[PDB]
Every structure is written in C-alpha cells, then in structure tokens.
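Colleague: upload.cif (mmCIF, C-alpha atoms) pasted underneath:
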data_entry
loop_
_atom_site.group_PDB
_atom_site.id
_atom_site.type_symbol
_atom_site.label_atom_id
_atom_site.label_comp_id
_atom_site.auth_asym_id
_atom_site.auth_seq_id
_atom_site.Cartn_x
_atom_site.Cartn_y
_atom_site.Cartn_z
ATOM 1 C CA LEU A 9 76.182 -85.033 10.921
ATOM 2 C CA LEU A 10 78.852 -85.086 8.181
ATOM 3 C CA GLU A 11 81.486 -83.718 10.469
ATOM 4 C CA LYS A 12 81.186 -86.522 12.955
ATOM 5 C CA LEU A 13 81.443 -89.394 10.610
ATOM 6 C CA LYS A 14 84.362 -87.902 8.844
ATOM 7 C CA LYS A 15 86.376 -87.793 12.124
ATOM 8 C CA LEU A 16 85.475 -91.467 12.921
ATOM 9 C CA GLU A 17 86.481 -92.557 9.373
ATOM 10 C CA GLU A 18 90.036 -91.110 9.944
ATOM 11 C CA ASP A 19 90.502 -92.694 13.415
ATOM 12 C CA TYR A 20 89.416 -96.239 12.319
ATOM 13 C CA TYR A 21 91.640 -96.052 9.192
ATOM 14 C CA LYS A 22 94.889 -95.452 11.065
ATOM 15 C CA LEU A 23 93.945 -98.086 13.725
ATOM 16 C CA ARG A 24 93.331 -100.609 10.853
ATOM 17 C CA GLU A 25 96.790 -99.950 9.407
ATOM 18 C CA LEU A 26 98.409 -100.132 12.939
ATOM 19 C CA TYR A 27 97.172 -103.589 13.410
ATOM 20 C CA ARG A 28 97.861 -104.711 9.792
ATOM 21 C CA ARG A 29 101.597 -104.138 10.099
ATOM 22 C CA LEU A 30 101.714 -105.843 13.500
ATOM 23 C CA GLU A 31 100.180 -108.889 11.718
ATOM 24 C CA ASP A 32 102.804 -108.910 8.942
ATOM 25 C CA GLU A 33 105.808 -108.679 11.399
ATOM 26 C CA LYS A 34 104.421 -111.589 13.598
ATOM 27 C CA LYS A 35 103.603 -113.645 10.315
ATOM 28 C CA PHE A 36 107.296 -113.634 9.175
ATOM 29 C CA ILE A 37 108.346 -114.479 12.694
ATOM 30 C CA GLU A 38 106.415 -117.833 12.071
ATOM 31 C CA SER A 39 109.182 -118.644 9.471
ATOM 32 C CA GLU A 40 111.901 -117.585 12.052
ATOM 33 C CA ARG A 41 110.427 -120.090 14.442
ATOM 34 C CA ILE A 42 110.888 -122.940 11.887
ATOM 35 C CA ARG A 43 114.423 -121.912 11.192
ATOM 36 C CA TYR A 44 115.428 -121.898 14.903
ATOM 37 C CA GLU A 45 113.722 -125.270 15.426
ATOM 38 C CA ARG A 46 115.884 -126.765 12.626
ATOM 39 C CA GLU A 47 118.931 -125.374 14.243
ATOM 40 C CA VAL A 48 117.816 -127.064 17.637
ATOM 41 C CA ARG A 49 117.859 -130.346 15.848
ATOM 42 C CA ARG A 50 121.195 -129.655 14.114
ATOM 43 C CA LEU A 51 123.285 -128.814 17.086
ATOM 44 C CA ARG A 52 122.077 -131.879 18.987
ATOM 45 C CA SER A 53 123.356 -134.036 16.065
ATOM 46 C CA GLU A 54 126.881 -132.654 16.704
ATOM 47 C CA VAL A 55 126.676 -133.896 20.348
ATOM 48 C CA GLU A 56 126.161 -137.362 18.949
ATOM 49 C CA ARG A 57 129.031 -137.474 16.399
ATOM 50 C CA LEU A 58 131.284 -136.528 19.343
ATOM 51 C CA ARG A 59 130.311 -139.546 21.526
ATOM 52 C CA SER A 60 130.162 -141.986 18.683
ATOM 53 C CA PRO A 61 133.239 -144.352 18.121
ATOM 54 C CA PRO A 62 136.303 -144.309 17.911
ATOM 55 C CA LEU A 63 136.801 -144.051 21.664
ATOM 56 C CA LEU A 64 139.993 -144.100 23.794
ATOM 57 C CA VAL A 65 140.569 -145.236 27.340
ATOM 58 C CA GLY A 66 141.670 -142.775 29.914
ATOM 59 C CA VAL A 67 142.058 -142.735 33.612
ATOM 60 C CA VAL A 68 141.885 -139.507 35.657
ATOM 61 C CA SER A 69 145.294 -139.390 37.361
ATOM 62 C CA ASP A 70 144.237 -136.230 39.292
ATOM 63 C CA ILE A 71 142.195 -133.086 39.038
ATOM 64 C CA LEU A 72 144.044 -129.761 38.716
ATOM 65 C CA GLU A 73 142.546 -126.456 39.864
ATOM 66 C CA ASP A 74 143.849 -124.454 36.974
ATOM 67 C CA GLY A 75 140.523 -125.712 35.501
ATOM 68 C CA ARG A 76 142.033 -128.724 33.787
ATOM 69 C CA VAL A 77 141.941 -132.362 34.526
ATOM 70 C CA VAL A 78 144.960 -134.637 34.254
ATOM 71 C CA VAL A 79 144.159 -137.658 32.306
ATOM 72 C CA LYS A 80 146.596 -140.559 31.590
ATOM 73 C CA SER A 81 145.769 -141.867 28.197
ATOM 74 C CA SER A 82 145.983 -145.695 27.773
ATOM 75 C CA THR A 83 147.855 -144.719 24.531
ATOM 76 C CA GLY A 84 150.588 -142.824 26.283
ATOM 77 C CA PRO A 85 150.654 -138.996 26.300
ATOM 78 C CA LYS A 86 149.327 -137.321 29.457
ATOM 79 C CA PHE A 87 147.264 -134.195 28.685
ATOM 80 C CA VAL A 88 145.446 -131.456 30.684
ATOM 81 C CA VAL A 89 141.922 -131.073 29.403
ATOM 82 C CA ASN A 90 138.557 -129.170 29.833
ATOM 83 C CA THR A 91 135.138 -130.471 31.207
ATOM 84 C CA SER A 92 131.550 -129.504 30.325
ATOM 85 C CA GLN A 93 128.249 -129.160 32.030
ATOM 86 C CA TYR A 94 127.389 -132.864 31.727
ATOM 87 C CA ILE A 95 130.388 -133.772 33.817
ATOM 88 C CA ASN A 96 130.307 -133.228 37.579
ATOM 89 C CA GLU A 97 133.272 -132.852 39.932
ATOM 90 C CA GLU A 98 131.294 -135.169 42.179
ATOM 91 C CA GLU A 99 131.981 -137.880 39.623
ATOM 92 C CA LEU A 100 135.705 -137.027 39.525
ATOM 93 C CA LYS A 101 138.075 -138.601 41.936
ATOM 94 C CA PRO A 102 141.773 -139.801 41.404
ATOM 95 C CA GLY A 103 141.750 -142.997 39.440
ATOM 96 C CA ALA A 104 138.303 -142.459 37.780
ATOM 97 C CA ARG A 105 137.981 -144.257 34.450
ATOM 98 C CA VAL A 106 136.799 -141.769 31.690
ATOM 99 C CA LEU B 9 76.494 -87.611 1.856
ATOM 100 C CA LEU B 10 76.184 -89.057 5.374
ATOM 101 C CA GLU B 11 75.489 -92.526 3.709
ATOM 102 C CA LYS B 12 78.742 -92.325 1.646
ATOM 103 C CA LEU B 13 80.770 -91.556 4.804
ATOM 104 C CA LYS B 14 79.064 -94.420 6.892
ATOM 105 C CA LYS B 15 80.026 -97.178 4.358
ATOM 106 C CA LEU B 16 83.879 -96.278 4.273
ATOM 107 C CA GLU B 17 83.805 -95.900 8.004
ATOM 108 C CA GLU B 18 82.180 -99.315 8.515
ATOM 109 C CA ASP B 19 84.644 -101.146 6.230
ATOM 110 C CA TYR B 20 87.644 -99.823 8.077
ATOM 111 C CA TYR B 21 86.360 -100.876 11.446
ATOM 112 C CA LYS B 22 85.559 -104.487 10.168
ATOM 113 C CA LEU B 23 89.065 -105.067 8.784
ATOM 114 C CA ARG B 24 90.578 -103.592 12.096
ATOM 115 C CA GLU B 25 88.738 -106.330 14.019
ATOM 116 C CA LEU B 26 90.093 -109.032 11.544
ATOM 117 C CA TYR B 27 93.683 -107.926 12.292
ATOM 118 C CA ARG B 28 93.162 -107.992 16.011
ATOM 119 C CA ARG B 29 92.162 -111.715 15.791
ATOM 120 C CA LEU B 30 95.049 -112.789 13.503
ATOM 121 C CA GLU B 31 97.584 -110.903 15.792
ATOM 122 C CA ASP B 32 96.972 -113.038 18.933
ATOM 123 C CA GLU B 33 97.542 -116.326 17.106
ATOM 124 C CA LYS B 34 101.025 -115.284 15.514
ATOM 125 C CA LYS B 35 101.957 -113.945 18.980
ATOM 126 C CA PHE B 36 101.569 -117.505 20.217
ATOM 127 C CA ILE B 37 104.078 -118.749 17.506
ATOM 128 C CA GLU B 38 106.329 -115.989 18.781
ATOM 129 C CA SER B 39 106.340 -117.708 22.138
ATOM 130 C CA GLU B 40 107.493 -121.016 20.548
ATOM 131 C CA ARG B 41 110.119 -118.926 18.635
ATOM 132 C CA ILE B 42 111.580 -117.634 21.833
ATOM 133 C CA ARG B 43 111.904 -121.045 23.416
ATOM 134 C CA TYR B 44 113.629 -122.659 20.446
ATOM 135 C CA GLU B 45 115.929 -119.566 20.166
ATOM 136 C CA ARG B 46 117.295 -120.205 23.736
ATOM 137 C CA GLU B 47 118.139 -123.785 22.898
ATOM 138 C CA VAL B 48 120.123 -122.705 19.729
ATOM 139 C CA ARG B 49 122.243 -120.489 21.994
ATOM 140 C CA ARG B 50 122.683 -123.126 24.761
ATOM 141 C CA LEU B 51 123.552 -126.215 22.544
ATOM 142 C CA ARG B 52 126.346 -124.434 20.569
ATOM 143 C CA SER B 53 128.289 -124.089 23.784
ATOM 144 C CA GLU B 54 127.987 -127.657 24.890
ATOM 145 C CA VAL B 55 129.664 -129.015 21.787
ATOM 146 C CA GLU B 56 132.614 -126.588 22.223
ATOM 147 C CA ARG B 57 132.889 -127.557 25.957
ATOM 148 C CA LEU B 58 132.629 -131.373 25.257
ATOM 149 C CA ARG B 59 135.434 -131.145 22.580
ATOM 150 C CA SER B 60 137.773 -129.842 25.209
ATOM 151 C CA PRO B 61 140.757 -128.691 23.108
ATOM 152 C CA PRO B 62 143.860 -130.012 24.976
ATOM 153 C CA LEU B 63 147.406 -129.122 25.986
ATOM 154 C CA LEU B 64 150.301 -131.494 26.289
ATOM 155 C CA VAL B 65 152.048 -132.229 29.590
ATOM 156 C CA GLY B 66 155.768 -132.195 29.904
ATOM 157 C CA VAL B 67 158.431 -131.935 32.611
ATOM 158 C CA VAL B 68 161.393 -129.600 32.419
ATOM 159 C CA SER B 69 164.010 -132.235 32.458
ATOM 160 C CA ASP B 70 166.948 -129.777 31.701
ATOM 161 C CA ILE B 71 167.102 -126.064 31.136
ATOM 162 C CA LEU B 72 169.295 -124.174 28.711
ATOM 163 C CA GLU B 73 170.638 -120.577 28.998
ATOM 164 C CA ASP B 74 169.735 -119.997 25.378
ATOM 165 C CA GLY B 75 166.099 -118.985 26.314
ATOM 166 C CA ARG B 76 165.115 -122.510 25.063
ATOM 167 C CA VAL B 77 164.076 -125.087 27.630
ATOM 168 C CA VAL B 78 164.588 -128.841 26.912
ATOM 169 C CA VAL B 79 161.483 -130.442 28.249
ATOM 170 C CA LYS B 80 160.846 -134.280 28.378
ATOM 171 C CA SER B 81 157.215 -134.689 27.225
ATOM 172 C CA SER B 82 154.800 -137.152 28.655
ATOM 173 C CA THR B 83 154.646 -138.615 25.150
ATOM 174 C CA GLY B 84 158.230 -139.945 25.577
ATOM 175 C CA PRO B 85 160.803 -138.042 23.601
ATOM 176 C CA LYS B 86 162.710 -135.153 24.760
ATOM 177 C CA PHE B 87 161.904 -131.932 22.825
ATOM 178 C CA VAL B 88 163.327 -128.440 22.732
ATOM 179 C CA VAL B 89 160.608 -125.898 23.570
ATOM 180 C CA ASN B 90 160.305 -122.074 23.811
ATOM 181 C CA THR B 91 159.203 -120.570 27.147
ATOM 182 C CA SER B 92 156.473 -118.017 27.353
ATOM 183 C CA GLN B 93 156.740 -114.554 29.033
ATOM 184 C CA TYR B 94 153.796 -115.471 31.297
ATOM 185 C CA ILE B 95 155.898 -118.072 32.964
ATOM 186 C CA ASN B 96 159.680 -117.372 33.075
ATOM 187 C CA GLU B 97 162.613 -119.888 33.253
ATOM 188 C CA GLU B 98 163.475 -118.003 36.444
ATOM 189 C CA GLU B 99 160.382 -119.881 37.772
ATOM 190 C CA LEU B 100 161.239 -123.277 36.032
ATOM 191 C CA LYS B 101 163.646 -125.645 37.511
ATOM 192 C CA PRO B 102 164.343 -129.412 37.000
ATOM 193 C CA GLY B 103 161.392 -131.556 38.274
ATOM 194 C CA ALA B 104 158.813 -128.660 37.562
ATOM 195 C CA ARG B 105 156.004 -130.332 35.570
ATOM 196 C CA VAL B 106 154.760 -127.899 33.070
#
Give the structure from this file in structure tokens form.

Modeller:
Amino acid sequence: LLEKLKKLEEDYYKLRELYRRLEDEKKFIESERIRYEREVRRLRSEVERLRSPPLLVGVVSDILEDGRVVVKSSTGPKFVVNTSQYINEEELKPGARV
Amino acid sequence: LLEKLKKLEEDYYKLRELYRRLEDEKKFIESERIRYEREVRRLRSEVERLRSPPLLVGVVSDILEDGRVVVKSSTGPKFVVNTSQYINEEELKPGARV
C-alpha cells in the first residue's frame, strides 16, 4: 500500500543523510591525523638540536630542594638550574659530572 | 504508483549501507589521530624542560642601606643589585648565598 512505502522512504532518507555527514567529518579528520604526525616528527628534531654540540662541562656541586640544581661550570659562573623527565634524582649525587 | 515509491525507497537504503561501511574505516584513522595528538602535547614540554632557563648565583658580600645590595657574583665581579619584596634585606646578611 502507498501509505506504507511512503513512510519507509522518509525514514531511510534521513538515516542516509545522518551517516553521510558522519563520513565527511571523519574524512577530514584523516588530514588532521597527517598534520599531527608531522608535528610529532618536528618536536623530536628540537630535542636533537639541544643535545648537539657545542657542549660545556659541569659538575653538580649539590642538589637544592627549591627545585634547582647547583652546577659549577668548568667556565666559571655557578648557576641554579632546572631538570626534566629524562633526568633522575637517582643519577644525581654531589660531584656528578653533567 | 507503488512501483515509483519502491525505487526511491530502495536507492536511499543502498546509499545508507555504503556510508555505514566507509564510516568504520575513517574511525580507525581517528584512532591513529588521537595517539599522535598526545605525543604533540607531550614533546613540547620536554624541550622547554631540557632547556632549563637559569638563574645566576651570588653571595651578599656587603649590604647597603640604600635598598641596593652589593652582591659578589659567582662569575667573579662584584655587582650592585636590587632586592626583591619576596625576600627582604632584613633576611639577607653577609655570607647569605642568594
């Protein structure tokens, strides 16, 4: 009957369009993936320019609890300086070369 | 009549099914997107932390009553410095390393 078909036609149309727009949103996210991946590469490169020469000799004179480390530069000036996640406080002891 | 309605109705369902298939695959790329997004956040931090922007060390070798404090730096020279209102010169005395 005409009535039946007409109702089914409506329901499957809106359901088609629901899914279509979910497709488009997830398709452009494929581009967003590429962009973040590039940025994963990029930031890693900055880790390397840091570590690369020139490098300077220091010796940990002591560790301070104000969240700084006292380092005697071989150059001269003593300075209180920050640590990161790659450095452990297990590593650190008075007189540790750095 | 009922034939005309059945053809439009069929088409709509067939293209709904196409979308459902394509959805699942770009959802997978979404997963990769998330992972690479965490690393972009995490890496940024590790360069900032490794850089460790410093402070100089000095020792209050003399004190003035002009609100200036003459502080022998760990560089060598003696310098004339300005004291902060976090740390008063009521709390700085000769021999206090600063």

Colleague: Using only C-alpha atoms, find which residues of chain A lie within 7 Å of chain B and jot them down as JSON, numbers by chain.

Modeller: {"A": [9, 10, 13, 14, 16, 17, 20, 21, 23, 24, 27, 28, 30, 31, 34, 35, 37, 38, 40, 41, 44, 45, 47, 48, 51, 52, 54, 55, 84, 85, 86, 87, 88, 89, 90, 91, 92]}

Colleague: Assuming 4 Å of padding per side, give the centre and edge lengths of the axis-aligned box around every listed atom of segment 47-59 of chain B, in Å to one decimal and as JSON.

Modeller:
{"center_x": 126.8, "center_y": -125.9, "center_z": 22.8, "size_x": 25.3, "size_y": 18.9, "size_z": 14.2}

Colleague: If chain B is superposed onto chain A by least squares using every Cα atom in order, what is the RMSD, in Å to one decimal?

Modeller: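 That comparison of chain A with chain B gives 8.8 Å.
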
Colleague: Do you have the atom CA of residue 102 of chain A-atom CA of residue 106 of chain B distance handy?

Modeller: 19.5 Å

Colleague: For this structure, which residues satisfy the selection - the PyMOL selection byres ((chain A and resi 77) around 10) - when it is evaluated on the file as given? I want them as a list in words.

Modeller: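 After applying the PyMOL selection byres ((chain A and resi 77) around 10), what remains is residues 68, 69, 70, 71, 72, 73, 74, 75, 76, 78, 79, 80, 87, 88, 89, 90, 91 and 100 of chain A.
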
Colleague: Could the residues in this selection be written to a file with C-alpha atoms, as a PDB file, keeping the file's coordinate frame?

Modeller:
ATOM      1  CA  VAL A  68     141.885-139.507  35.657  1.00  0.00           C
ATOM      2  CA  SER A  69     145.294-139.390  37.361  1.00  0.00           C
ATOM      3  CA  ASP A  70     144.237-136.230  39.292  1.00  0.00           C
ATOM      4  CA  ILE A  71     142.195-133.086  39.038  1.00  0.00           C
ATOM      5  CA  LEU A  72     144.044-129.761  38.716  1.00  0.00           C
ATOM      6  CA  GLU A  73     142.546-126.456  39.864  1.00  0.00           C
ATOM      7  CA  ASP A  74     143.849-124.454  36.974  1.00  0.00           C
ATOM      8  CA  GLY A  75     140.523-125.712  35.501  1.00  0.00           C
ATOM      9  CA  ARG A  76     142.033-128.724  33.787  1.00  0.00           C
ATOM     10  CA  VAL A  78     144.960-134.637  34.254  1.00  0.00           C
ATOM     11  CA  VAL A  79     144.159-137.658  32.306  1.00  0.00           C
ATOM     12  CA  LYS A  80     146.596-140.559  31.590  1.00  0.00           C
ATOM     13  CA  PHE A  87     147.264-134.195  28.685  1.00  0.00           C
ATOM     14  CA  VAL A  88     145.446-131.456  30.684  1.00  0.00           C
ATOM     15  CA  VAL A  89     141.922-131.073  29.403  1.00  0.00           C
ATOM     16  CA  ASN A  90     138.557-129.170  29.833  1.00  0.00           C
ATOM     17  CA  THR A  91     135.138-130.471  31.207  1.00  0.00           C
ATOM     18  CA  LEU A 100     135.705-137.027  39.525  1.00  0.00           C
TER      19      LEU A 100
END

Colleague: Have a look at atom CA of residue 101 of chain B and atom CA of residue 67 of chain A and let me know their distance in Å, one decimal.

Modeller: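 Going from atom CA of residue 101 of chain B over to atom CA of residue 67 of chain A, I get 27.8 Å.
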
Colleague: Figure out the distance between atom CA of residue 98 of chain A and atom CA of residue 105 of chain B, please, to one decimal in Å.

Modeller: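 Taking atom CA of residue 105 of chain B as the start and atom CA of residue 98 of chain A as the end point, the length is 26.0 Å.
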